[PDB]
Amino acid sequence: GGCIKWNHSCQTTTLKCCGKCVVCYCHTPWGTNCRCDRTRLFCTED
């Protein structure tokens, strides 16, 4: 229940990652098992 946690699987579920600045990424050039292990560009966070 609730949003996807940091460096956890994005899981192809309707649920987004926790915090509007956090974003999903796959490390291989092709992939689907991607994780929320990055931030959107120009996020002014602390």
# chains A, B, ... in the order shown; residues from 1 in each chain; ligands from 1
>>> residues_around(residues="residue 41 of chain A", least_positions_apart="4", cutoff="10 Å", atoms="only C-alpha atoms", output="number ranges by chain")
A: 21-23
>>> select_by_dssp(residues="chain A", states="strand (DSSP E)", output="count of residues only")
9
>>> residues_around(residues="residue 5 of chain A", least_positions_apart="4", cutoff="10 Å", atoms="only C-alpha atoms", output="ChimeraX atom specification")
/A:9-10,16-19,22,35-37
>>> residues_around(residues="residue 13 of chain A", least_positions_apart="4", cutoff="12 Å", atoms="only C-alpha atoms", output="number ranges by chain")
A: 1-4, 9, 17, 33-34
